[PDB]
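Have a look below at one chain only, the form deposited in one PDB entry, in structure tokens format.
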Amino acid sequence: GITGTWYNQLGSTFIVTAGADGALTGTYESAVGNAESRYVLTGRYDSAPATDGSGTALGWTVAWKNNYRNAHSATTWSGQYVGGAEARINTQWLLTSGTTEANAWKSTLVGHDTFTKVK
């Protein structure tokens, strides 16, 4: 149920393959979907989850460098996939910037996001 395309509320577009080995691989891009906005992601998921309606645990990372831009930062999303007619990936994220040691205290933002199968 994870493999495919997912959208946040802004329409940002997460394109992922969930491999039989537990790998997540894909790309994350803006709603516009121009090449300058596209970044690689990789992660892992529970390939033998509960079958009782519970979510499937997963996580992935994007480093914010592509062939066009580099923000010197990386986001990780930790969350769970819930299937069915109204499938969701519910996440919390940590965004760490590369900083000097003196600025490390303010290096990591926290937030959340929800992805759905339709815009």
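Residues that one form lacks are left out of the comparison. Rigid core here is just the name for the largest C-alpha set that superposes within 1.5 Å across the two forms. Start at 1 and count along the sequence shown; that's the residue number.
There is another form of the same protein, the form deposited in another entry; it is not shown, and what comes next is about it.
Looking at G33, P49, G83, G59 after a core superposition between this form and the one not shown, you find that only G33 has a C-alpha shift of 2 Å or more. The pair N34 and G19 is looser in that other deposited form: their Cα-Cα distance rises by no less than 3 Å compared with this form. The distance between the CA atoms of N34 and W6 is at least 3 Å longer in that other deposited form than in the form shown here. In this core-based overlay, residues 9-11, 30-36 form runs of three or more whose Cα positions differ by 2 Å or more between this form and the one not shown.
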